[PDB]
Structures are given as structure tokens and as C-alpha cells.
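Peer 1: I am sharing structure37.csv, which consists of CSV, N, CA and C atoms:
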chain,number,residue,atom,x,y,z
A,1,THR,N,-8.5,-3.6,-8.4
A,1,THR,CA,-8.4,-2.2,-8.1
A,1,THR,C,-7.4,-2.0,-7.0
A,2,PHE,N,-6.1,-2.2,-7.4
A,2,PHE,CA,-5.0,-2.0,-6.5
A,2,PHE,C,-4.8,-3.3,-5.6
A,3,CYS,N,-4.1,-4.3,-6.1
A,3,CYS,CA,-3.8,-5.5,-5.4
A,3,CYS,C,-3.1,-5.2,-4.1
A,4,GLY,N,-1.9,-4.6,-4.2
A,4,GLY,CA,-1.1,-4.3,-3.0
A,4,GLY,C,0.2,-3.7,-3.3
A,5,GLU,N,0.9,-4.3,-4.2
A,5,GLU,CA,2.3,-3.8,-4.6
A,5,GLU,C,2.1,-2.7,-5.7
A,6,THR,N,3.2,-2.5,-6.4
A,6,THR,CA,3.2,-1.5,-7.5
A,6,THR,C,4.3,-1.9,-8.5
A,7,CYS,N,4.0,-1.6,-9.8
A,7,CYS,CA,4.9,-2.0,-10.8
A,7,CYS,C,5.7,-0.7,-11.3
A,8,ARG,N,7.0,-0.7,-10.9
A,8,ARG,CA,7.8,0.5,-11.3
A,8,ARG,C,8.5,0.2,-12.6
A,9,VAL,N,9.9,0.3,-12.7
A,9,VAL,CA,10.6,0.0,-13.8
A,9,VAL,C,11.1,-1.4,-13.8
A,10,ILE,N,10.3,-2.2,-13.1
A,10,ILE,CA,10.4,-3.6,-13.0
A,10,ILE,C,9.0,-4.1,-12.5
A,11,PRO,N,8.0,-4.0,-13.5
A,11,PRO,CA,6.6,-4.3,-13.2
A,11,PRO,C,6.3,-5.8,-12.9
A,12,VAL,N,5.1,-6.1,-13.0
A,12,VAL,CA,4.5,-7.4,-12.7
A,12,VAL,C,4.8,-7.9,-11.3
A,13,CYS,N,4.2,-7.2,-10.4
A,13,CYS,CA,4.3,-7.5,-9.0
A,13,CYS,C,4.2,-9.0,-8.8
A,14,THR,N,5.3,-9.7,-8.4
A,14,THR,CA,5.4,-11.1,-8.3
A,14,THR,C,4.7,-11.7,-7.0
A,15,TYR,N,4.7,-10.8,-5.9
A,15,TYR,CA,4.1,-11.3,-4.6
A,15,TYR,C,2.6,-11.5,-4.8
A,16,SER,N,2.0,-10.5,-5.4
A,16,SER,CA,0.5,-10.4,-5.6
A,16,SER,C,0.2,-11.3,-6.8
A,17,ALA,N,1.2,-11.6,-7.6
A,17,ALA,CA,1.0,-12.4,-8.8
A,17,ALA,C,0.4,-13.8,-8.5
A,18,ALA,N,0.5,-14.2,-7.3
A,18,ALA,CA,-0.1,-15.5,-6.9
A,18,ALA,C,-1.6,-15.5,-7.2
A,19,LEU,N,-2.2,-14.4,-6.9
A,19,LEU,CA,-3.6,-14.2,-7.2
A,19,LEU,C,-3.9,-14.1,-8.6
A,20,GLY,N,-2.9,-13.7,-9.4
A,20,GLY,CA,-3.1,-13.4,-10.8
A,20,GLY,C,-3.2,-11.9,-11.1
A,21,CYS,N,-2.9,-11.2,-10.0
A,21,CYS,CA,-3.0,-9.7,-10.1
A,21,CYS,C,-2.1,-9.2,-11.2
A,22,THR,N,-2.7,-8.2,-11.9
A,22,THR,CA,-2.0,-7.6,-13.0
A,22,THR,C,-2.0,-6.1,-12.9
A,23,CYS,N,-0.8,-5.6,-13.3
A,23,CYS,CA,-0.6,-4.1,-13.2
A,23,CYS,C,-0.9,-3.5,-14.6
A,24,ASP,N,-1.0,-2.2,-14.6
A,24,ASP,CA,-1.3,-1.5,-15.9
A,24,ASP,C,0.0,-1.2,-16.6
A,25,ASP,N,1.0,-0.7,-15.7
A,25,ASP,CA,2.3,-0.3,-16.2
A,25,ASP,C,2.4,0.8,-17.2
A,26,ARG,N,3.1,1.8,-16.8
A,26,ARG,CA,3.3,3.0,-17.5
A,26,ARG,C,4.6,3.6,-17.1
A,27,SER,N,5.5,2.7,-16.9
A,27,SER,CA,6.9,3.0,-16.4
A,27,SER,C,6.8,3.0,-14.9
A,28,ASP,N,5.5,3.2,-14.4
A,28,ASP,CA,5.1,3.2,-13.0
A,28,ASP,C,3.6,3.4,-13.0
A,29,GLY,N,3.0,2.8,-12.0
A,29,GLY,CA,1.6,2.9,-11.8
A,29,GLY,C,1.1,2.3,-10.5
A,30,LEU,N,0.4,1.2,-10.6
A,30,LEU,CA,-0.1,0.5,-9.5
A,30,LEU,C,-0.7,-0.9,-9.9
A,31,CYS,N,-0.2,-1.9,-9.2
A,31,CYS,CA,-0.7,-3.3,-9.5
A,31,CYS,C,-2.1,-3.4,-9.1
A,32,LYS,N,-2.9,-4.1,-9.9
A,32,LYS,CA,-4.3,-4.3,-9.7
A,32,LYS,C,-4.6,-5.6,-9.1
A,33,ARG,N,-5.7,-5.7,-8.3
A,33,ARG,CA,-6.1,-7.0,-7.7
A,33,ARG,C,-6.8,-8.0,-8.6
A,34,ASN,N,-7.7,-8.8,-8.1
A,34,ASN,CA,-8.4,-9.8,-8.9
A,34,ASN,C,-9.8,-10.0,-8.2
A,35,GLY,N,-10.8,-10.3,-9.0
A,35,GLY,CA,-12.2,-10.3,-8.5
A,35,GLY,C,-12.7,-9.0,-8.5
A,36,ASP,N,-11.9,-8.0,-8.0
A,36,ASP,CA,-12.2,-6.6,-7.9
A,36,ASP,C,-10.9,-5.9,-8.2
A,37,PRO,N,-10.2,-6.2,-9.3
A,37,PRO,CA,-8.9,-5.6,-9.6
A,37,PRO,C,-8.8,-4.1,-9.6
I need this file expressed as C-alpha cells, please.
Peer 2:
Amino acid sequence: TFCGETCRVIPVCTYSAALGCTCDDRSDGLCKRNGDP
């Protein structure tokens, strides 16, 4: 539920990706966390 970064027109936040955080992506949105994404 919001990892930390955000996926714009270049999604898949790579910093938070270490956790396996995944964004929803809709041209823009918000990267989600893990455990409680």
C-alpha cells in the first residue's frame, strides 16, 4: 500500500524493487509496498 516511489511513464520503481514492490501503473499511479503493499 504505497512502497515509497511512484511509477510514471517509466514504471517499476527500481529502488523499492529490492523488496519486490510492485506498482499498478496506469501511465502514472503509485508503487505499492510488500507484506502490506
Peer 1: Pull the neighbourhood of (3.8, 1.7, -16.7) for me: all residues within 8 Å in file coordinates, counting all atoms listed in the file, as a ChimeraX atom specification.
Peer 2: /A:7-9,11,23-30
Peer 1: Those same residues - N, CA and C atoms - I'd like them written as a compact mmCIF listing (two decimals), in the frame of the given file.
Peer 2:
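Below you can see again-v2.txt, which holds the result:
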# COMPACT_ATOMS: atom_id res chain seq x y z
N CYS A 7 4.00 -1.60 -9.80
CA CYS A 7 4.90 -2.00 -10.80
C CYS A 7 5.70 -0.70 -11.30
N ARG A 8 7.00 -0.70 -10.90
CA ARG A 8 7.80 0.50 -11.30
C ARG A 8 8.50 0.20 -12.60
N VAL A 9 9.90 0.30 -12.70
CA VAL A 9 10.60 0.00 -13.80
C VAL A 9 11.10 -1.40 -13.80
N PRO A 11 8.00 -4.00 -13.50
CA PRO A 11 6.60 -4.30 -13.20
C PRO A 11 6.30 -5.80 -12.90
N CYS A 23 -0.80 -5.60 -13.30
CA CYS A 23 -0.60 -4.10 -13.20
C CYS A 23 -0.90 -3.50 -14.60
N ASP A 24 -1.00 -2.20 -14.60
CA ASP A 24 -1.30 -1.50 -15.90
C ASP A 24 0.00 -1.20 -16.60
N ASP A 25 1.00 -0.70 -15.70
CA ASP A 25 2.30 -0.30 -16.20
C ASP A 25 2.40 0.80 -17.20
N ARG A 26 3.10 1.80 -16.80
CA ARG A 26 3.30 3.00 -17.50
C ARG A 26 4.60 3.60 -17.10
N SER A 27 5.50 2.70 -16.90
CA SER A 27 6.90 3.00 -16.40
C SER A 27 6.80 3.00 -14.90
N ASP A 28 5.50 3.20 -14.40
CA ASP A 28 5.10 3.20 -13.00
C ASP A 28 3.60 3.40 -13.00
N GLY A 29 3.00 2.80 -12.00
CA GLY A 29 1.60 2.90 -11.80
C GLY A 29 1.10 2.30 -10.50
N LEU A 30 0.40 1.20 -10.60
CA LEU A 30 -0.10 0.50 -9.50
C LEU A 30 -0.70 -0.90 -9.90
Peer 1: Figure out the distance between atom C of residue 10 in chain A and CA of residue 36 in chain A, please, to one decimal in Å.
Peer 2: 21.8 Å
Peer 1: Please compute the atom N of residue 37 in chain A-atom C of residue 1 in chain A distance, one decimal, in Å.
Peer 2: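 Result for atom N of residue 37 in chain A versus atom C of residue 1 in chain A: 5.5 Å, one decimal.
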Peer 1: I'd like the interatomic distance between atom C of residue 4 in chain A and atom C of residue 32 in chain A, to a tenth of an Å.
Peer 2: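 Interatomic distance here is 7.8 Å.
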Peer 1: So that I can check the secondary structure, give me every residue of chain A assigned strand (DSSP E) by backbone DSSP, as a ChimeraX atom specification.
Peer 2: /A:22-23,31-32
Peer 1: Name all residues at most 12 Å from residue 18 in chain A (count only C-alpha atoms; drop same-chain ones fewer than 3 positions away) and give them as a PDB file with N, CA and C atoms, in the frame of the given file.
Peer 2:
ATOM      1  N   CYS A   3      -4.100  -4.300  -6.100  1.00  0.00           N
ATOM      2  CA  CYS A   3      -3.800  -5.500  -5.400  1.00  0.00           C
ATOM      3  C   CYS A   3      -3.100  -5.200  -4.100  1.00  0.00           C
ATOM      4  N   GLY A   4      -1.900  -4.600  -4.200  1.00  0.00           N
ATOM      5  CA  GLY A   4      -1.100  -4.300  -3.000  1.00  0.00           C
ATOM      6  C   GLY A   4       0.200  -3.700  -3.300  1.00  0.00           C
ATOM      7  N   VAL A  12       5.100  -6.100 -13.000  1.00  0.00           N
ATOM      8  CA  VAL A  12       4.500  -7.400 -12.700  1.00  0.00           C
ATOM      9  C   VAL A  12       4.800  -7.900 -11.300  1.00  0.00           C
ATOM     10  N   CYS A  13       4.200  -7.200 -10.400  1.00  0.00           N
ATOM     11  CA  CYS A  13       4.300  -7.500  -9.000  1.00  0.00           C
ATOM     12  C   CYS A  13       4.200  -9.000  -8.800  1.00  0.00           C
ATOM     13  N   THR A  14       5.300  -9.700  -8.400  1.00  0.00           N
ATOM     14  CA  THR A  14       5.400 -11.100  -8.300  1.00  0.00           C
ATOM     15  C   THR A  14       4.700 -11.700  -7.000  1.00  0.00           C
ATOM     16  N   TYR A  15       4.700 -10.800  -5.900  1.00  0.00           N
ATOM     17  CA  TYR A  15       4.100 -11.300  -4.600  1.00  0.00           C
ATOM     18  C   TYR A  15       2.600 -11.500  -4.800  1.00  0.00           C
ATOM     19  N   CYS A  21      -2.900 -11.200 -10.000  1.00  0.00           N
ATOM     20  CA  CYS A  21      -3.000  -9.700 -10.100  1.00  0.00           C
ATOM     21  C   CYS A  21      -2.100  -9.200 -11.200  1.00  0.00           C
ATOM     22  N   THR A  22      -2.700  -8.200 -11.900  1.00  0.00           N
ATOM     23  CA  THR A  22      -2.000  -7.600 -13.000  1.00  0.00           C
ATOM     24  C   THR A  22      -2.000  -6.100 -12.900  1.00  0.00           C
ATOM     25  N   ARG A  33      -5.700  -5.700  -8.300  1.00  0.00           N
ATOM     26  CA  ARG A  33      -6.100  -7.000  -7.700  1.00  0.00           C
ATOM     27  C   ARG A  33      -6.800  -8.000  -8.600  1.00  0.00           C
ATOM     28  N   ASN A  34      -7.700  -8.800  -8.100  1.00  0.00           N
ATOM     29  CA  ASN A  34      -8.400  -9.800  -8.900  1.00  0.00           C
ATOM     30  C   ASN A  34      -9.800 -10.000  -8.200  1.00  0.00           C
TER      31      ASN A  34
END
Peer 1: Please write out, as lines of an AutoDock Vina configuration file, where the centre of an axis-aligned box around all listed atoms of range 1-16 of chain A lies and how long its edges are, in Å to one decimal, after adding 3 Å on each side.
Peer 2:
center_x = 1.3
center_y = -5.6
center_z = -8.4
size_x = 25.6
size_y = 18.2
size_z = 16.8
